[PDB]
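Colleague: Sharing a structure with you now.
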Amino acid sequence: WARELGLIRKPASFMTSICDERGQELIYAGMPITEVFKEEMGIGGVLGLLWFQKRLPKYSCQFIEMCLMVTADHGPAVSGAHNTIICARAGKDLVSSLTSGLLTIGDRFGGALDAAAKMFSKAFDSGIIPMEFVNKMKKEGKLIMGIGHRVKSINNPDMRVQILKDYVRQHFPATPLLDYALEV
Amino acid sequence: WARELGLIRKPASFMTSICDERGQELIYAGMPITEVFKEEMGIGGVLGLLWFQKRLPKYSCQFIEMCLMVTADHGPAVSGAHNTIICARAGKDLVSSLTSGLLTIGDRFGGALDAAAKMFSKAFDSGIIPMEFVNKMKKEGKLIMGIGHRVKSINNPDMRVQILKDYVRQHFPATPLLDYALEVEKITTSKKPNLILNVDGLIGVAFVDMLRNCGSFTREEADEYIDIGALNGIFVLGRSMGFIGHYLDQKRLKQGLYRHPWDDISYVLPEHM
Amino acid sequence: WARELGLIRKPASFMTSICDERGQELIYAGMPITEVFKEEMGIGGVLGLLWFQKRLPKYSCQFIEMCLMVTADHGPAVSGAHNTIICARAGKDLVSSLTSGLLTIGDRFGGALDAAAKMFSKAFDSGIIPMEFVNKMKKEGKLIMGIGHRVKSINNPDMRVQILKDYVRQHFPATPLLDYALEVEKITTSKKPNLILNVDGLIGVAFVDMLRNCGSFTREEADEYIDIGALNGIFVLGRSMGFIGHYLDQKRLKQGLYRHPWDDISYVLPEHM
Amino acid sequence: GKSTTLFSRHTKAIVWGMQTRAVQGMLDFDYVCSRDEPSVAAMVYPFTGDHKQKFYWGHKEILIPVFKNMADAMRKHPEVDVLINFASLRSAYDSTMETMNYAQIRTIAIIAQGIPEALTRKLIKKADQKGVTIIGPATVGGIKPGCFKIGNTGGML
Ligand SMILES: CC(C)(COP(=O)(O)OP(=O)(O)OC[C@H]1O[C@@H](n2cnc3c(N)ncnc32)[C@H](O)[C@@H]1OP(=O)(O)O)[C@@H](O)C(=O)NCCC(=O)NCCS
Ligand SMILES: CC(C)(COP(=O)(O)OP(=O)(O)OC[C@H]1O[C@@H](n2cnc3c(N)ncnc32)[C@H](O)[C@@H]1OP(=O)(O)O)[C@@H](O)C(=O)NCCC(=O)NCCS
Ligand SMILES: CC(C)(COP(=O)(O)OP(=O)(O)OC[C@H]1O[C@@H](n2cnc3c(N)ncnc32)[C@H](O)[C@@H]1OP(=O)(O)O)[C@@H](O)C(=O)NCCC(=O)NCCS
């Protein structure tokens, strides 16, 4: 009653920018939930609103959804899916079993998306040719992240790579880091 | 400035009773931290202050520490220690690797301490003889929790059970639930020699015996702590020691990332559905 | 049947060194569980077996238990105890509620034990005087970890620090890193009276002093355990006691589901982006 | 200054690279040849940290240390006199000239095929100066039955 009519001030200890729910409508980064569904953005559309607070173009939204389908599962033998199955077989709930395997994600399992993005952008920003980048990383005793498959090599390509690379070439306006990584 | 001189009132959204730190001294349930160390209570002494807010007697405190040493680790083959080792070998930190294995603790792994304590107390409170309790649980199609070992049967007893049972008989003033569970054990060893009180079932019936027969707790208070899961916390705090030791072991051995073999997995995927 | 009589060999994908359970007795790093209880080591004794695989001396074992009692809880206002109470008030189990607050432990909450141990050992190993260490860290724009209390400054000392510092001086054979950190503390109290050794920085410099000056460890072994995070596990095992006590407190008080007030949140959402 | 007896039953080798099947073929050869010790004492892989790789001494599991740097392997294993260089054609020249800076190595086995002839002559010239036998390049190595075999020579068991 004292805060409503303005005699006291109390500092807000939290700051948020992705969602406003204290209104007539749920709002995703300045956009109401009816306009979210009216303009036909999908899960990749609301991912741009919640994670970046931006109106992304329809190819950028659809590329995000395609990234979620190719990373959706890679069998039970991986380290995170192993831990989920052990926690599921121990009679735990969905939240605990997800969590026990989701916490394996980190540097050795599931970190190669973020590691390769930092690796190739650092070489491309500090502008060196792809031949010098391969020779730079060899003398530092480090393998290039995002390079190297166990079985699918060449003339037998990875099909998840070929689906996403075909989408990026057709729809993206400019791909300088992709063209750098393809020369590497 | 308005709250200090009392013009406004604002409701406190949280309530705590185990620790006061906004003073000259850290306080564990009404007891200052210097008096905690002066009166020579240990880790089991401060466990009684933090979890029950009670001055427990020195045998009750020392029994709690002995429960944490016998539940400390049981090898890497158990489900929780498996998950800690996988998360440690995946290059994760101590907190994440502990957590990934600590979250396996639940009903099938590590729940037999709390399950046997609820099982034997329900039979003892709704007073039936141990012969009727064995026959009651047989016709319901349920095995008695805390009964039955894989290898150590009789004249080859479980040594963790024999350490803790010797302590409880000498030091506790009265153990009615332990004596009930030992008569249930006498009946179940007439069926198979293996069906003895586990270390899970011994801790379960003696922790209940520690609560309602030490004088610190009333009966509705001791029944509440078993109901809200104090014996879940005894296993979890004990087994967190061995899981951290399992984490620190895999960092020293420098074990690489684990992938499960494909021949140990049976793929029974549908045809095209 | 083919593995038992030796026609095939299959590589073991796991390696463990802390616990053997496939025998007549449970074994904690080469020591049977009956000899663990016969020789009267406590929780700090089995912590040395599970985490370091060593027979520690009785002062080193008792110092480990004292570190777990002073890190046991520090009220509900800290970030980890906050998250445990929210998860307890949301109707979750003991394991999930512990975990939600235990995963807050990291760099800004609960990392000052491991950070100060790495900080003071690096200065002491690369031998510089404590006056040069204070001047080195000032020009790098970094505060000394394990230095500085909010309220207890000087002639009003921290009582958790005074309990543990008195134990370390009486019982440890040699404390070179503690004496280095106390001379750093003498310099920083000439700037502000508040800049004393914390309980985070005391435990950090004395756990390192316990490792390389008890005779169980070599220098590369003691430096490895600090590097892989043994002092992260000391805070986590200690603070897991108070977090379970914070869980059991909110179940007894029967606190309902928490929603944060909207007036404590500042909504700075974009206009239409 | 070349020796006559290159290999014996006490011959120790350091294998340059992750060839775990090739190294296990050597330890399968040694146990069947009734050796006291395995031929491979250490492995050198520059793209990973120092650790230990699990192998077989027959039915018994042993650990062979892996080193990031060659100098750590030569210092901790002074009894090694053979290097088996499993580096590629574009990396075998720099690995072989680096291992001639250690006087303990008397025999070098170069497995890679495709090394340029100008770079191979510099390997021959410096081995002539240091008195070091080189078996290769473009070889499987060699086998001395009862004593020692080089890498993948002779196939599986
Ligand atoms: C028949 C046979 C195979 C199965 O018996 P068994 O292995 O001894 O016992 P079971 O596995 O059935 O279990 C024994 C009892 O322990 C009980 N039990 C098992 N686990 C329990 C637990 N955790 N808590 C409580 N009770 C438990 C079972 O309910 C069962 O109870 P019941 O006998 O009242 O039904 C066994 O008796 C046997 O080997 N017999 C000899 C075969 C023979 O006679 N052949 C001779 C001619 S060659
Ligand atoms: C000027 C003033 C406001 C700020 O000084 P202060 O609060 O004492 O000290 P600071 O917060 O700057 O910090 C003091 C030192 O502690 C150091 N410090 C703080 N935390 C530290 C930590 N965790 N580890 C190591 N060092 C730490 C700071 O680096 C600083 O070092 P420096 O002095 O070598 O730069 C204070 O001196 C003051 O109140 N002065 C009196 C005002 C006055 O004179 N008015 C008279 C006329 S009315
Ligand atoms: C010698 C031999 C065993 C090893 O070569 P290999 O398996 O082709 O290649 P390597 O495993 O050394 O790696 C090849 C290159 O890929 C690089 N590489 C591997 N993974 C990488 C990654 N993720 N990112 C970037 N580079 C990578 C390595 O650094 C290496 O680089 P370099 O050649 O510039 O050093 C192989 O050449 C061979 O089989 N040769 C034939 C044997 C022979 O000639 N015998 C004939 C007589 S019997």
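Starting from 1 in every chain, residues are counted up; chains themselves are A, B, ... following the order of the structure tokens, and ligands are numbered from 1 as listed.
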Residues at most 10 Å from residue 3 in chain A, counting only C-alpha atoms, excluding those fewer than 6 positions away in the same chain, as a PyMOL selection string?
Modeller: (chain A and resi 9-10) or (chain B and resi 8) or (chain C and resi 263)
Colleague: Write a file of the just-selected residues containing N, CA, C and O atoms, as a compact mmCIF listing (two decimals), in the first residue's frame.
Modeller:
```
# COMPACT_ATOMS: atom_id res chain seq x y z
N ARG A 9 10.69 3.78 -1.91
CA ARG A 9 11.34 3.17 -3.06
C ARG A 9 12.16 1.99 -2.56
O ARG A 9 12.82 2.08 -1.52
N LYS A 10 12.06 0.87 -3.26
CA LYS A 10 12.80 -0.33 -2.91
C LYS A 10 13.47 -0.85 -4.17
O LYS A 10 12.81 -0.99 -5.21
N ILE B 8 6.81 1.09 7.88
CA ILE B 8 6.21 0.10 7.00
C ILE B 8 6.43 -1.29 7.57
O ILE B 8 7.34 -1.53 8.37
N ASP C 263 7.43 -6.78 -8.07
CA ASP C 263 8.04 -5.50 -7.77
C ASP C 263 9.53 -5.61 -7.46
O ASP C 263 10.22 -4.59 -7.45
```
Colleague: I want to know what sits within 12 Å of residue 99 in chain B, based on only C-alpha atoms, with residues of the same chain fewer than 6 positions away left out; could you give that as number ranges by chain?
Modeller: A: 83, 87, 96-97, 99-104; B: 80-88, 92-93, 105, 236, 239-240, 243-244, 247; C: 95-105, 236-237, 240
Colleague: Please save C-alpha atoms of the selected residues as a PDB file, in the first residue's frame.
Modeller:
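Listed below is the output, selection_9.pdb:
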```pdb
ATOM      1  CA  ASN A  83      23.461 -41.446 -17.979  1.00  0.00           C
ATOM      2  CA  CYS A  87      18.824 -42.903 -14.107  1.00  0.00           C
ATOM      3  CA  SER A  96      15.905 -36.338 -12.725  1.00  0.00           C
ATOM      4  CA  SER A  97      16.749 -38.728 -15.571  1.00  0.00           C
ATOM      5  CA  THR A  99      19.178 -33.983 -15.762  1.00  0.00           C
ATOM      6  CA  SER A 100      21.624 -36.798 -14.965  1.00  0.00           C
ATOM      7  CA  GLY A 101      22.431 -37.119 -18.654  1.00  0.00           C
ATOM      8  CA  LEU A 102      22.075 -33.464 -19.528  1.00  0.00           C
ATOM      9  CA  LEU A 103      24.836 -32.601 -17.033  1.00  0.00           C
ATOM     10  CA  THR A 104      27.318 -34.732 -18.953  1.00  0.00           C
TER      11      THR A 104
ATOM     12  CA  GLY B  80      25.090 -43.720  -8.902  1.00  0.00           C
ATOM     13  CA  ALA B  81      28.848 -44.297  -8.892  1.00  0.00           C
ATOM     14  CA  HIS B  82      28.587 -45.312 -12.535  1.00  0.00           C
ATOM     15  CA  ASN B  83      26.990 -41.980 -13.463  1.00  0.00           C
ATOM     16  CA  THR B  84      29.586 -39.960 -11.538  1.00  0.00           C
ATOM     17  CA  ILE B  85      32.431 -41.728 -13.358  1.00  0.00           C
ATOM     18  CA  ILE B  86      30.833 -41.121 -16.784  1.00  0.00           C
ATOM     19  CA  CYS B  87      30.385 -37.435 -16.003  1.00  0.00           C
ATOM     20  CA  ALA B  88      33.940 -37.225 -14.623  1.00  0.00           C
ATOM     21  CA  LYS B  92      32.983 -32.087 -16.137  1.00  0.00           C
ATOM     22  CA  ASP B  93      33.626 -30.399 -12.803  1.00  0.00           C
ATOM     23  CA  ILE B 105      19.537 -42.034  -5.720  1.00  0.00           C
ATOM     24  CA  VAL B 236      22.865 -39.173   0.263  1.00  0.00           C
ATOM     25  CA  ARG B 239      27.336 -41.722  -0.555  1.00  0.00           C
ATOM     26  CA  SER B 240      28.339 -38.193  -1.618  1.00  0.00           C
ATOM     27  CA  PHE B 243      31.103 -40.163  -5.307  1.00  0.00           C
ATOM     28  CA  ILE B 244      33.518 -37.252  -4.831  1.00  0.00           C
ATOM     29  CA  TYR B 247      35.355 -38.153  -9.246  1.00  0.00           C
TER      30      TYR B 247
ATOM     31  CA  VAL C  95      17.746 -35.443  -3.862  1.00  0.00           C
ATOM     32  CA  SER C  96      16.344 -32.894  -6.328  1.00  0.00           C
ATOM     33  CA  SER C  97      16.264 -30.073  -3.768  1.00  0.00           C
ATOM     34  CA  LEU C  98      19.839 -30.690  -2.590  1.00  0.00           C
ATOM     35  CA  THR C  99      20.943 -30.815  -6.220  1.00  0.00           C
ATOM     36  CA  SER C 100      19.273 -27.565  -7.306  1.00  0.00           C
ATOM     37  CA  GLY C 101      21.212 -25.697  -4.639  1.00  0.00           C
ATOM     38  CA  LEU C 102      24.353 -27.783  -4.801  1.00  0.00           C
ATOM     39  CA  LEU C 103      24.778 -26.852  -8.484  1.00  0.00           C
ATOM     40  CA  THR C 104      25.040 -23.177  -7.584  1.00  0.00           C
ATOM     41  CA  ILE C 105      28.448 -24.015  -6.050  1.00  0.00           C
ATOM     42  CA  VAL C 236      30.498 -29.341  -1.308  1.00  0.00           C
ATOM     43  CA  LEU C 237      30.489 -32.182   1.240  1.00  0.00           C
ATOM     44  CA  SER C 240      25.517 -30.546   1.553  1.00  0.00           C
TER      45      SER C 240
END
```
Colleague: What are the residues of chain A that have an atom within 12 Å of an atom of chain B, counting only C-alpha atoms, as JSON, numbers by chain?
Modeller: {"A": [1, 2, 3, 7, 8, 9, 10, 74, 75, 76, 77, 78, 79, 80, 81, 82, 83, 84, 85, 86, 87, 88, 89, 90, 91, 92, 93, 94, 95, 96, 97, 98, 99, 100, 101, 102, 103, 104, 105, 106, 107, 108, 109, 110, 111]}
Colleague: For a quick check of understanding, using only C-alpha atoms and all ligand atoms, which of C:179, C:25, C:35, C:185 has the smallest distance to ligand 2?
Modeller: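 Between C:179, C:25, C:35, C:185, the residue approaching ligand 2 most closely is C:185.
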Colleague: Could you jot down the CA of residue 19 in chain C to CA of residue 37 in chain C separation for me, Å, one decimal place?
Modeller: 15.7 Å
Colleague: Distance limit 12 Å, reference ligand 1, atoms considered: only C-alpha atoms and all ligand atoms. Which residues make the cut? Give them as number ranges by chain.
Modeller: B: 112, 116, 119, 130-131, 133-150, 181, 184-198, 200-201
Colleague: Counting only C-alpha atoms, which residues from chain A have an atom at most 12 Å from any atom of chain D, and could you show them as a count of residues only?
Modeller: 9
Colleague: Residues contacting ligand 3 - anything with an atom at most 8 Å away, using only C-alpha atoms and all ligand atoms - can you give me those as a PyMOL selection string?
Modeller: (chain A and resi 134-135+137-138+142-148) or (chain D and resi 17-19+47+85-91+111-114+137-141)
Colleague: Using only C-alpha atoms, which protein or nucleic acid residues come within 10 Å of residue 164 in chain A? Drop anything in the same chain fewer than 4 positions from it, and give the result as a PyMOL selection string.
Modeller: chain A and resi 63+66-67+70+159-160+168-169
Colleague: Taking only C-alpha atoms into account, report as JSON, numbers by chain which residues of chain B lie within 6 Å of chain C.
Modeller: {"B": [19, 20, 21, 50, 51, 75, 245]}
Colleague: How would the residues just picked look written out with N, CA and C atoms as a compact mmCIF listing (two decimals), in the first residue's frame?
Modeller:
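out_13.txt written:
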```txt
# COMPACT_ATOMS: atom_id res chain seq x y z
N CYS B 19 19.89 -22.27 11.06
CA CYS B 19 21.15 -21.55 11.08
C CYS B 19 20.88 -20.06 11.09
N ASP B 20 21.56 -19.34 11.97
CA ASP B 20 21.52 -17.89 12.04
C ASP B 20 22.93 -17.37 11.83
N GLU B 21 23.11 -16.56 10.80
CA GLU B 21 24.42 -16.04 10.46
C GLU B 21 24.51 -14.53 10.52
N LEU B 50 21.65 -29.34 12.61
CA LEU B 50 21.15 -28.79 11.35
C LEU B 50 19.90 -29.50 10.86
N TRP B 51 19.77 -30.80 11.10
CA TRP B 51 18.68 -31.56 10.51
C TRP B 51 17.52 -31.76 11.47
N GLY B 75 31.66 -49.28 -4.11
CA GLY B 75 32.24 -49.64 -5.38
C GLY B 75 31.72 -48.81 -6.53
N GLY B 245 35.04 -39.03 -4.14
CA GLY B 245 36.22 -39.86 -4.27
C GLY B 245 36.29 -40.58 -5.60
```
Colleague: When you get a sec, could you note down which chain D residues fall within 10 Å of chain B, using only C-alpha atoms, as a PyMOL selection string?
Modeller: chain D and resi 49-53
Colleague: Limited to N, CA, C and O atoms, could you put the picked residues into a file as a tab-separated table (two decimals), in the first residue's frame?
Modeller:
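Contents of the output file result-v8.tsv:
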```
chain	number	residue	atom	x	y	z
D	49	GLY	N	47.60	-34.90	-23.91
D	49	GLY	CA	48.43	-34.79	-22.73
D	49	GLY	C	49.04	-36.11	-22.32
D	49	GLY	O	48.77	-37.17	-22.89
D	50	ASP	N	49.89	-36.05	-21.30
D	50	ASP	CA	50.54	-37.24	-20.79
D	50	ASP	C	49.55	-38.09	-20.01
D	50	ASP	O	48.94	-37.62	-19.04
D	51	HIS	N	49.40	-39.35	-20.42
D	51	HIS	CA	48.53	-40.29	-19.74
D	51	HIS	C	49.12	-41.69	-19.92
D	51	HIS	O	50.27	-41.84	-20.34
D	52	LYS	N	48.33	-42.70	-19.59
D	52	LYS	CA	48.73	-44.09	-19.73
D	52	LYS	C	47.67	-44.85	-20.50
D	52	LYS	O	46.47	-44.71	-20.23
D	53	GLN	N	48.10	-45.65	-21.47
D	53	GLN	CA	47.21	-46.42	-22.32
D	53	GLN	C	47.24	-47.88	-21.87
D	53	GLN	O	48.31	-48.42	-21.59
```
Colleague: Please identify which residues in range 17-216 of chain B DSSP calls helix (DSSP H, G or I) from the backbone, and express them as a ChimeraX atom specification.
Modeller: /B:33-38,43-51,58-70,79-89,94-102,112-125,130-139,159-171,176-188,199-211
Colleague: Residue 42 in chain D: which residues within 9 Å, counting only C-alpha atoms, same-chain residues fewer than 2 positions away excluded, as an NGL selection string?
Modeller: :D and (12-16 or 40 or 44 or 52 or 64-67 or 73-74 or 77 or 80)
Colleague: Could you turn the residues from that selection into a file that holds N, CA and C atoms, as a short mmCIF file (atom, residue, chain, number, x, y, z; two decimals), in the first residue's frame?
Modeller:
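Wrote it out as result.cif, contents follow:
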```cif
data_model
loop_
_atom_site.label_atom_id
_atom_site.label_comp_id
_atom_site.auth_asym_id
_atom_site.auth_seq_id
_atom_site.Cartn_x
_atom_site.Cartn_y
_atom_site.Cartn_z
N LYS D 12 64.07 -52.09 -26.17
CA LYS D 12 62.92 -51.26 -25.87
C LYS D 12 62.70 -50.26 -27.00
N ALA D 13 61.44 -49.93 -27.26
CA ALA D 13 61.08 -49.03 -28.34
C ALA D 13 60.11 -47.97 -27.84
N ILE D 14 60.17 -46.81 -28.49
CA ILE D 14 59.18 -45.75 -28.32
C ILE D 14 58.46 -45.60 -29.66
N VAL D 15 57.14 -45.68 -29.63
CA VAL D 15 56.32 -45.62 -30.83
C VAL D 15 55.76 -44.21 -30.97
N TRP D 16 56.03 -43.57 -32.09
CA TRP D 16 55.56 -42.21 -32.33
C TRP D 16 54.18 -42.26 -32.97
N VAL D 40 57.54 -52.12 -26.28
CA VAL D 40 57.14 -50.72 -26.25
C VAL D 40 57.21 -50.23 -24.81
N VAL D 44 54.53 -41.62 -28.05
CA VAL D 44 54.61 -40.18 -28.19
C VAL D 44 53.53 -39.73 -29.16
N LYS D 52 48.33 -42.70 -19.59
CA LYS D 52 48.73 -44.09 -19.73
C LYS D 52 47.67 -44.85 -20.50
N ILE D 64 50.99 -48.62 -20.56
CA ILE D 64 52.14 -48.05 -21.25
C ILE D 64 51.97 -46.54 -21.27
N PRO D 65 52.95 -45.76 -20.79
CA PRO D 65 52.78 -44.31 -20.71
C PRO D 65 52.80 -43.64 -22.07
N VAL D 66 51.96 -42.62 -22.21
CA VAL D 66 51.88 -41.79 -23.41
C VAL D 66 52.41 -40.41 -23.06
N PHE D 67 53.25 -39.85 -23.92
CA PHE D 67 53.89 -38.57 -23.68
C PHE D 67 53.53 -37.59 -24.79
N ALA D 73 59.62 -38.40 -22.96
CA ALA D 73 59.70 -39.84 -23.14
C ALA D 73 61.13 -40.34 -23.07
N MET D 74 62.07 -39.59 -23.65
CA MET D 74 63.46 -40.02 -23.66
C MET D 74 64.10 -39.88 -22.29
N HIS D 77 62.62 -42.67 -19.96
CA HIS D 77 62.94 -44.01 -20.45
C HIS D 77 64.31 -43.98 -21.11
N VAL D 80 65.52 -47.00 -23.86
CA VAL D 80 64.94 -47.13 -25.19
C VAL D 80 66.02 -46.81 -26.23
#
```
